[PDB]
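# Descriptive structure summary
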Amino acid sequence: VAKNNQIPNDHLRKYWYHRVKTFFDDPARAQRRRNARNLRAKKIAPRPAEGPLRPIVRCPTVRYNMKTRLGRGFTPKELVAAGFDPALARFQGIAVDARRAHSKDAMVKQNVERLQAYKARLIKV
Amino acid sequence: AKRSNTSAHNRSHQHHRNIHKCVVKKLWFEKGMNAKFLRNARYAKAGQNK
Amino acid sequence: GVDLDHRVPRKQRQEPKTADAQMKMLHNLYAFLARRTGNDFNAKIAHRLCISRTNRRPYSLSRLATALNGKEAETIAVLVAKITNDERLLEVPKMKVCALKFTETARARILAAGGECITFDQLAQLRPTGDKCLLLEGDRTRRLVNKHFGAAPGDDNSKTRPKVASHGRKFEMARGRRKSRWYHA
Amino acid sequence: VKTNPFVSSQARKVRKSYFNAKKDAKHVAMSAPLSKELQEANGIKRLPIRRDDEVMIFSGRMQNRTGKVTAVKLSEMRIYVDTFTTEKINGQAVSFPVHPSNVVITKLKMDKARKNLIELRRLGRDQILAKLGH
Amino acid sequence: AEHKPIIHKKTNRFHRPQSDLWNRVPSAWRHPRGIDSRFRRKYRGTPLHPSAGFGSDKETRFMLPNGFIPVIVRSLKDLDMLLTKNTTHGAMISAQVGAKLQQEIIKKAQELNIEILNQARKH
Amino acid sequence: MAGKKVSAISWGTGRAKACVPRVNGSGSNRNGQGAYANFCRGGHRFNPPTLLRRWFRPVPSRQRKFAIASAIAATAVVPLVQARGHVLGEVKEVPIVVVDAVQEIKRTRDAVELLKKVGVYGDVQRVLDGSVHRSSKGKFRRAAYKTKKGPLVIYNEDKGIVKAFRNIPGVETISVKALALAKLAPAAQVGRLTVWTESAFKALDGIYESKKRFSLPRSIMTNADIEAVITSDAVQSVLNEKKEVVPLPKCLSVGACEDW
Amino acid sequence: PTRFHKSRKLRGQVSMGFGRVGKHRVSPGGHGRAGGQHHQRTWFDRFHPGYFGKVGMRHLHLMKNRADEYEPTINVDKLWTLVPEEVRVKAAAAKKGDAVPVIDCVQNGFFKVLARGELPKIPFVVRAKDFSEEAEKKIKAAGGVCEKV
RNA sequence: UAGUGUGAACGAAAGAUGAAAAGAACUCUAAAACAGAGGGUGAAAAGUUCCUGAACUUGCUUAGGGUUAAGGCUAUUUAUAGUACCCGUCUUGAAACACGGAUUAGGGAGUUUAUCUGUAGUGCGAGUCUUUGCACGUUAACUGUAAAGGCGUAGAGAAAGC
RNA sequence: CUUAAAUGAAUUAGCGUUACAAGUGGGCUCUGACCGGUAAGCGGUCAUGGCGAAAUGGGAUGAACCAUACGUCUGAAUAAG
RNA sequence: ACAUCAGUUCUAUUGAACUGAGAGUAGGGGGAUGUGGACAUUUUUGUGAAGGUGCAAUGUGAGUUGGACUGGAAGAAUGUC
RNA sequence: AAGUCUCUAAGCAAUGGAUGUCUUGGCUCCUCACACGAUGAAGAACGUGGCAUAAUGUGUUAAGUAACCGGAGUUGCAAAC
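As summarised from the PDB record, the model derives from cryo-EM at a stated resolution of 3.2 Å.

## With respect to the sheet that holds strand β1 (residues 96-98) of chain F
All names here are of chain F. Ordered in space as β1-β6-β4-β5, the four strands form an open sheet in which the pairing is parallel. Each end of this open sheet is capped by a strand with a single partner; those strands are β1 and β5 (172-175). Between one strand axis and the next, the sheet turns through 25° on average, direction left out of account. Note: strand β4 (residues 152-155) against β5, four bridges, orientation parallel. By the bridge assignment, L152 is partnered in β5 with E172.

## A few points about unusual backbone geometry
Put simply, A45 of chain A and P46 of chain A share a cis peptide bond, and its omega is 25°. Along the chain, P46 of chain A turns up in the loop between α1 (26-44) and β1 (56-58). The residue after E90 of chain F, namely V91 of chain F, is reached through a cis peptide bond having omega 5°. With respect to the helices, strands and loops of the structure, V91 of chain F is situated in the loop between α2 (78-84) and β1. A positive phi angle is found at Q18 of chain E, which is not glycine, with a value near 65°. Among the secondary structure elements, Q18 of chain E is positioned in the segment before α1 (38-41).

## A look at the pattern of salt bridges
Oppositely charged side chains can pair when the atoms bearing their charge come close. Inspection of the entire model under this criterion finds 21 salt bridges over all chains. The shortest N-O distance in the salt bridge between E54 of chain D and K107 of chain D comes to 3.1 Å. Pair noted here: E54 of chain D is in strand β3 (residues 54-57) and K107 of chain D is in strand β8 (residues 103-107), with a separation of 53 residues, a long-range link. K4 of chain E serves as the salt-bridge partner of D57 of chain E, at 3.7 Å between the closest nitrogen and oxygen. Placement of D57 of chain E in the loop between α1 and β1 (69-73) and of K4 of chain E in the segment before α1 is noted, with a sequence separation of 53 residues between them. Classification of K4 of chain E by relative accessible area gives partly exposed; the value is 42%. The network of salt bridges with common partners includes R48, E137 and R140 of chain C.

## Looking at the protein's contact with RNA strand K
As a matter of local geometry, RNA strand K sits amid 24 residues, with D24, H27, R50 and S75 of chain D together with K139 of chain F nearest to it. Within 4 Å of the protein, the contacting atoms of RNA strand K are 77% sugar and phosphate, with bases supplying the remainder. With respect to RNA strand K, the side chain of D24 of chain D contributes an N or O atom lying 2.7 Å from a sugar or linking oxygen. Within the side chain of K139 of chain F, an N or O atom sits 2.3 Å from a phosphate oxygen of RNA strand K. Listing elements by their share of the surface near RNA strand K, those giving two or more residues are α1 of chain A, α1 (11-19), α2 (23-29) and β4 (66-73) of chain D together with α5 (138-142) of chain F. When its residues are assigned to classes, the surface near RNA strand K shows eight nonpolar, three polar and 13 charged.

## Notes on the sheet that holds strand β5 (residues 78-81) of chain D
Backbone hydrogen bonds are what pair the strands of a sheet, in a parallel or an antiparallel way. Residues and elements named next belong to chain D. Pairing is antiparallel in the open sheet, where four strands are placed in the order β5-β4-β3-β8. On the outer flanks of this sheet lie β5 and β8, each paired with one strand and no other. When the angles between neighbouring strand axes are averaged without regard to direction, this sheet yields 55°. The pairing of β4 with β5 spans four bridges and is antiparallel. Within β5, the residue paired with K73 across the bridge is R78.

## Overview of the interface of chain F and chain C
With 22 residues of chain F at the contact, the number on the chain C side is 19 residues. Carbon and sulfur atoms supply 64% of the area buried between chain F and chain C, which totals about 2000 Å² over both sides. At the boundary of chain F with chain C, the tally comes to zero salt bridges. The interface formed by chain F and chain C contains five residue pairs in polar contact. Top element by residues in the side of chain F that touches chain C is helix α10 (residues 227-231) of chain F. It accounts for three residues. The residue makeup of the side of chain F that touches chain C, split by class, is 12 nonpolar, six polar and four charged.

## Observations regarding the packing of aromatic side chains
Inspection of the entire model under this criterion finds 16 aromatic pairs over all chains. Look at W182 of chain C and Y183 of chain C: their rings are 5.2 Å apart centre to centre, the planes differ by 90°, and that puts the pair in the edge-to-face class. Take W182 of chain C: its relative accessible area is 65%, and that puts it in the exposed class. Its relative accessible area of 25% is what places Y183 of chain C among the partly exposed residues. An aromatic cluster is built from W43, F44, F47, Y51 and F52 of chain G, whose rings are joined through pairwise contacts. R53 of chain F extends its terminal NZ or CZ atom over the ring of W55 of chain F, reaching a point 5.1 Å from the ring centre. Against the face of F140 of chain F rests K139 of chain F, its NZ or CZ located 5.6 Å from the ring centre.

## Considerations on a nonpolar patch on the surface
A contiguous nonpolar surface patch, about 650 Å² in accessible area, is contributed by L12, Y15, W16, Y17 and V20 of chain A together with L52 of chain F. Mapped onto the elements of the fold, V20 of chain A is located in the segment before α1. Using a relative accessible area of 46% as the deciding quantity, one classes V20 of chain A as partly exposed.

## A short note on the side chain of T160 of chain C
Along the polypeptide, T160 of chain C turns up in the segment after α6 (145-148). If sequence neighbours within four positions are ignored, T160 of chain C has contacts with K147, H148, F149, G150, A151, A152 and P153 of chain C.

## Quick word on the state of the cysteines
Residues and elements named next belong to chain G. By the definition in use, this model includes zero disulfides over all chains. Of all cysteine sulfurs in the structure, the one in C105 sits closest to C146, which takes part in no disulfide; the separation is 11 Å. The partly exposed category is assigned to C146, whose relative accessible area is 23%.

## Description of the protein's contact with RNA strand J
Close contacts around RNA strand J come from 82 residues, with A95 and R121 of chain E together with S135, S136 and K137 of chain F the closest. Counted by atom, the contact set of RNA strand J within 4 Å of the protein is 76% sugar and phosphate. In the model, a sugar or linking oxygen of RNA strand J is placed 2.7 Å from a nitrogen or oxygen of the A52 of chain E main chain. Take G98 of chain E: an N or O atom from its main chain is 3.1 Å from a phosphate oxygen of RNA strand J. Listing elements by their share of the surface near RNA strand J, those giving two or more residues are α1 (22-36) of chain C, β2 (89-93) and α2 (99-112) of chain E, β2 (132-133), α5, β3 (145-146) and α10 of chain F together with α1 (6-9) of chain G. Here the surface near RNA strand J takes four residues from α1 of chain C, the largest share from any one element. By residue class, the composition of the surface near RNA strand J is 28 nonpolar, 22 polar and 32 charged.

## Digging into the arrangement of the chains
If you rank the eight pairs of chains in contact by how many contacts each has, first place goes to chains C and F. Chain E makes no contact with chain C, the minimum C-alpha separation between the two being 18 Å. At no point do chain B and chain F touch; the closest pair of C-alpha atoms across them sits 29 Å apart.

## Focus on the environment of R125 of chain D
Residues and elements named next belong to chain D. The residue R125 is located in helix α4 (residues 112-132) in this model. Residue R125 is classed as partly exposed on the basis of its relative accessible area of 34%. Separated by 82 residues in the primary sequence, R125 and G43 place their C-alpha atoms 8.5 Å from one another. Apart from residues no more than four positions distant in its own chain, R125 is found in contact with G43 and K45.

How each quantity is defined
- Residues numbered from 1 in each chain as written, not as in the entry; some residues may be left out.
- Chains lettered and ligands numbered in written order.
- Part of a larger assembly, values for the part shown.
- Heavy atoms only, no water.
- Residues with missing side-chain atoms left out of burial classes, pairs and counts.
- Pairing = 2+ DSSP bridges.
- Helix = DSSP H or I, 4+ residues; strand = E, 2+ residues; numbered from the N terminus.
- Axes fitted to C-alpha atoms, helices over the stretch in contact; angles between N-to-C directions.
- Salt bridge = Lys/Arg side-chain N within 4 Å of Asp/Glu carboxyl O.
- Buried < 20%, exposed > 50% of the residue type's maximum accessible area, 1.4 Å probe, protein only.
- Near = heavy atom within 4 Å.
- Polar contact = N/O pair within 3.5 Å; in protein donor to acceptor, adjacent residues only side chain to side chain.
- Nonpolar A, V, L, I, M, F, W, Y, C, P; charged D, E, K, R; others polar.
- Contact = heavy atoms within 4.5 Å.
- Buried area = accessible area lost by both parts, 1.4 Å probe.
- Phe/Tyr/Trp six-rings, centres within 6.5 Å; stacked < 30°, edge-to-face > 60°.
- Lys NZ or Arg CZ within 6 Å of the ring centre and 35° of its normal.
- Patch = residues over 30% accessible without salt bridge, like charges linked within 9 Å, V, L, I, M, F, W, Y side chains within 5 Å.
- Areas by Shrake-Rupley, 256 points an atom, 1.4 Å probe, with all protein chains shown as cover.
- Disulfide = S-S within 2.5 Å.

Below is the structure:
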């Protein structure tokens, strides 16, 4: 300890120098990810690769009430209102979530209209 | 074991390399002084500007 | 054998330590004037161009509106710094300004109220004497590093702010800072 | 510039692969141009050399002689020839090795594989010059 | 050209201390840092230290016994440097440059009047 | 774990040897030899390059976008391009823009026939004659001769143009959409000779208008040079007269000392 | 990098800028913050006073998305910064009537409002969670409304 | 691997003829696969752990000095005059009867990472950073970009509340 | 606010302020003053100087005393002696 | 008389004229030399590269350069890293 | 007042293996893979080639044999095809 510097706070008393993790993989990791999702989208064809379709969902705590994000899946209530079969709708390319039941009336009207726009121009081979 | 206790041989030398005169900012020291005096010295200033 | 004090206490910056063309160039313009015209205005502008970037503090646009309120037209606010606009000032006056750089927010504001956006080599043609000019400067001690400077904290009373990562209770608020825990500075 | 990643452009790796190639690649590496009498006849410039045929070297001590190939050598990477002999200090002729890329092939002897190689490269050279358009 | 009489101020090279004695120690100068060193102290019967005192005149620095300041010349293209300063500087052709290009640089120099300081290569 | 593979315990004082670590065992002759120290033969070296080390410098993205702007500015301005080391000759104007039908060039006869007509093939001849050697040991690991970096060619889109210019020494193709410092200003030396396409060249005001964080950098001066400003009569009237130093004599000053 | 270091110029100099008599060695003081109440106390006392000791009330399970910790603040002088500048110029030219623009603080992530500086005399409506006493006073005096959420 | 120890274990040194063996026939002295000398091969002996072949040490030849241990520096008419204690090191103090140092070559010691401090340079500026990642690529680079997040923009108090 | 009258010792000199950091925290000593001791080239203090980090000349010889503190050279006249 | 480092009078574009100073351990600052590799730019080399041995210059100096013998294939310069 | 001795220098050698130039070897980073074994693995021993000690192939079918795929001598001497 010397001079006017702030108290010496370095969390380096454990043998960190044995447990090192260098990230020279990162741009090669990017290609292993990227070559996977191209070898996906060929095998998934003719189905749309950006799917499956997911609901709009409000974030929980006080400082994210503003924002709205993608959820996990639509409720069995929201599918039946829109005109779908809850079990079979997984294989039509719509993610389904049985658990969520705190979504109030305003965000249901989005997600019904979201599924109707999908079901309007879904077609079958 | 037994080394020297002190010296002042070249205290004078070091002091004179630079006895800088530390100047006072103002003669009043309002932390001290009578509160009863300074209390009235506020109401002299406050009444004047109005 | 001669009795002199050979040491230098005071260096002073003579020419700028930047490796630009343009800052080195228009230093020599105002160095040339400061010698030859023999004037207090141009001597200052010459020296301001020498000095490091920390001392050239960014003189904001609301301070510029306060200075020029009173002063009549054809009066340039010369300013060896960057100008940065204030959000909180709402309607800018129409004002003539000279500085090294503006921020692109500030240049929009000054031009949109019929102002002027003058460079230093442009100003050397207009006003060599600096007649109806107005030199301004930002305050030196407005930097955050400057608040750590002074008597060491704990001198009763330093008012100097100790160098700390994390603020709150728990970090440097007990034995020294308050009279309950032994002593107060 | 190469696009194929799996071929290496380091000098260490290429020399090691070259000297320790398989037997089939080393025969192809040992090759030479034909003389212009044989180029118009067979319709190819470049061919790999066998113990049948004979060859003719410009520039050397052994300048401008024909002579048949006694032995190819793939480890030593050179060709022994008839005629190409200095004597020792003892009265004994010893055949002297020469690298084929200095040398022109003056006569050739057919093999089923040699005819089958030539008919491929003739048909290949007709396609490529039509593509480039000379 | 016209100049002063050249005078050097020191004739010989400076040796390192104790370099005469030992073969491990090379005779290139090194400033002695020994605490008890006689040489650092400057006693009598030590060599004088190399120092700005011994600096030659600003006119006559790098100047040969001939007159001219030697610029090194590595090719025919580098000989254009001496075209401006003809009778102050002068040419000095490199040791790398072979016998054929030696003769071409002399032939180029005799046209342009630049005195070549290299001498007696031979043959 | 290099140089510490050996066993080694350091003997101690008493034996009239230095206290450095010494490999143990018998009969090898290797044994009883100093090891494990930087000064010892086959010891661990003092701090050779680690993975720990920081390699990559995160240079701020405004200052990256600053430098490609200033390099493209410098690709004009004919002092700079020859001051790098080019043989542009005549025509002497820079930059060179070319009509967009050259973007459909396929074969390399046509690409070579392009450059000599627009007057750039002087710089390609600078590459072809006069190779450049590697004095260093770098020759073992990266080819004995280097090659010169000649012209540059820019196109908005590729129609086999890249294939055509590929293989000609010294010419580097880029898209206008990419751009880079390593191409435009190699070894930090601004002004490479650029051969723009029309469709590339007309994009640039569209590009630098609609870049998100970046905005286009201002100068401090309005003019290029000072000398017009000082020599003007607006300045000159205010100046004092140009002084010059007297040299002083070395020597009877006074008119009558003989009265005394 | 390694060229520009002071170490590079100190070849020949025997100590490399670290003294003869003292001898530069690895543990002068002791490790890290050691001897803070003993032999390095002068450093702690002089530069970081109040370091030693316990103060305050323990807080268990502190979360900062609660509306107890989390209150971002904004000031009365601005607010108008949140809206673009075409809006309030139209709002300046208006009667005592209609079309008074709603400056939503809560969308932009500002819960409380705090009067440090001035306003103009434009009408407006602040939607926010909370106010100060003086911030509520200044918004009235400009000629505008204080909504709560 | 050689090699050491009953054993667990320990563990070296050692690359380069020339383009191609054309790797030195045959003769003479000699007891002679001792060792040379002639004569040859090759562009050149580079002649078999053979490219270049440094220093220490040694041999031969040439030239000077020598009662002053030798060496150094200054000055000249070149063997004289004057001068000159042995470097490195801890030390108040080293020529010391303080310690290290027989000779020579090659190795041989303030470097890098994290969290910060302050000064100077650079870009933007009430903002700023584009990186986790996605889209590009002549592909680890470079280039483009959405949204969060970091630090800054308001602080004091143990805390409530402000 | 203003009514009066001036820059009212010598000699010298630009003065003020901030930031970052090195080494150091064993000293020794001449001439005087002094405490302890029979005394010490002994131990512990004080004032200016010196050495340490200061060559050169002088005291034959010497860290400390006297003259004097130094770029490389060429002269003149001196200091201690 | 000459060199260096300060300063004073001036000077656009890097300079001019003139004045003053000279110890230095621990330690600090400024400018410069050399080595392994890199990116540009420019070359040299079987009419003999690097290396090595002696000699003559040149720089205050770290160094650098010439020519002779030896050697038999690569080296170096300028600016940045 | 002697020297073949001893001291110093230069030239030609002996000894020694530095310097310089070379590089089918390392080191690291990234990629792909892990499908060994009672159907006898990994490891050990000894055999076996015309001249073969180590290593590498290989197991009395022992530098190999059969089938399919390559397709003409992959090195000193000798021998066969």
